[PDB]
Every structure is written in C-alpha cells, then in structure tokens.
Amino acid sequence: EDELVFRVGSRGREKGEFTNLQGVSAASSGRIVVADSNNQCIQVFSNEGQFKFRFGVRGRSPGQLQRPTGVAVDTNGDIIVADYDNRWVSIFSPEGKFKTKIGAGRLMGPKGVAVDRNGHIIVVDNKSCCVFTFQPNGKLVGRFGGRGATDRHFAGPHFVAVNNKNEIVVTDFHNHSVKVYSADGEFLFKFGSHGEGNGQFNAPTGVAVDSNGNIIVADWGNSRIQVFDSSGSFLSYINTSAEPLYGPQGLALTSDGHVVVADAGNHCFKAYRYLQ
C-alpha cells in the first residue's frame, strides 16, 4: 500500500544480484532490463520483478561488455548498451545475441542511451560531452553539444530521454541541470539548479518522460526522484520513505505505468507507482 511496488536485488555477482547497477530500461513487451557496469552483464526481469535471464561476456572484443553503463530497449525489443570502456554502443537481440556495434571511432565515452520516436538511437557521451543520433544500422544522422556550461554545452551528461515531440532531455550530472533540445539539436530550455530545494539537484542521473510529457529525474547526491511537468516545473518527489534510495542511477517507465530506478548504493532496483 506504498508508492514502492517491489524491490529486486542484493550485493553480489550471481543472477538477481548487482555490483554496480547503472542503466535501466523497459520493453513494451513488459520486461525490465538492467545493466551492471562492474558485473559486465545485462539482466532481464518481468514487469513484476521475476528473473528471466542474464547475458554478457566480459571483454574488449565486439560482442563483449567491458563497462556497460546505459541501456535502452528498441520497439522490436533489441537491447542497446552503451559501453563506456569499449567506446561503442552494442545492439543485442531481445534474447541477448550480439548483432552489431555503432559509433566505434566517433564515441569517446558513451555513457547513456535512449530510443527516439523514429527508432533513432540517442547516445550521450560523457567524454566529448555531446549527444549523437544514429540509425539502428550505425549511420550517424546528428550530433550536438560540446564540453561547457552554456545552454548548448554539457559539463558531464550521463543520461538521456526522448519525449512525445521527439525532443531530447539530457541530465547534466556536473551542471546540476536538465536541458531539453529539438530532435535536430536546437536548445529549447533548461531547468534545475544546485541544491536540496524542490527542483534543485546534487548531480542528476536517470531520466524518463511519460506520455503526458512529465519529466522524471533521479538525483544521485540527494538520493531522491523528482517529477516535473513538461515546462520543468516541480510537481512531486517519488515517495521512497519505506525503503530509501542511496545514490540512484538509471530511471525508466514501464508499460504498466511504474517508475523503475537503479538504487545503485543499495544494490537493487525498485519499482514505484507515481500519481501523474
């Protein structure tokens, strides 16, 4: 009878355990997909938290995972992994079969990924501080950003989401802000500032956008999740009181309308109801 619906995971390297849980995504087929950067693996669960399967071969060769940070699920259920250390994005089948890698030689530190409304793969690079837009096949179609603190630049972007207008929503871990851009890279607006007040951050991480354009943002340093309207107005905190967060990372919205968070500091993921 809590905003918390369920919790899955504990510390370790076995199936249903985590060392460094970072990326979170959801499939329309009603699955939850999580990446562990330190166990170098992807784990797939039902919408109720039941373990389905784990995949990932450790290493630096194509097909293999070295530091998988960011994950996204395509409309066909393909699993898209940002590998920060291999410096590419791996696309797998919904069953964990390597298909191809995109952005090799262009991405220097791919951290976060999303899928847009035309099936483009959106990658945020924490080393070049840029946002890349690819076709599934690997073809680059767009790039914007650059290191800095101006509205068109990023200081250290780790996560990305796309809204109903195909607009790109980037969290800036080091700037304490969220910035929103057109599909073409045009800056639209920013919100958030450094602090603990409503609509302030101490290092934003995961981000998701709902069907109503509400933007949901995890706050790593403040161990909390904020919900905003489409203009970046604070609406609420997710009520985490029953089982507090500790350093949350990825965020995703499921097909059954729950917010799932990588509660990395507690070695688990948690699913929430939220009222919008």
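The first residue of the shown sequence is 1; numbering continues from there.
K.L.:
Of 14-22 and 258-266, which one has the bigger average CA B-factor?
P.N.:
It is 14-22.
K.L.:
Going by the mean C-alpha B-factor recorded in the entry, which is higher: 143-151 or 71-79?
P.N.:
Per the deposited B-factors, the answer is 71-79.
K.L.:
Quick one: which of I122, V169, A183, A203 shows the highest Cα temperature factor in the PDB entry?
P.N.:
By C-alpha B-factor in the record, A183 ranks first.
K.L.:
So among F173, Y84, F98, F189, who wins on Cα B-factor in the entry?
P.N.:
It is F98.
K.L.:
Taking the chain's C-alpha temperature factors as the reference, tell me which third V227 falls into: lowest, middle or highest.
P.N.:
Lowest third, going by the recorded CA B-factors of the chain.
K.L.:
Sorting the chain's modelled residues by C-alpha B-factor, tell me whether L275 ends up in the lowest, middle or highest third.
P.N.:
As the PDB entry reports it, the C-alpha B-factor of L275 lands in the highest third of its chain.
K.L.:
Ranked by Cα temperature factor within the chain, is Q135 in the lowest third, the middle third or the highest third?
P.N.:
According to the entry, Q135 has a C-alpha B-factor in the chain's highest third.
K.L.:
Lowest, middle or highest third: which one holds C41 when the chain's residues are ordered by CA B-factor from the entry?
P.N.:
For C41, whose C-alpha B-factor we compare with every modelled residue in the chain, the answer is the highest third.
K.L.:
Considering only modelled residues of the same chain, in which third does the CA B-factor of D210 rank: lowest, middle or highest?
P.N.:
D210: CA B-factor falls in the middle third of its chain.
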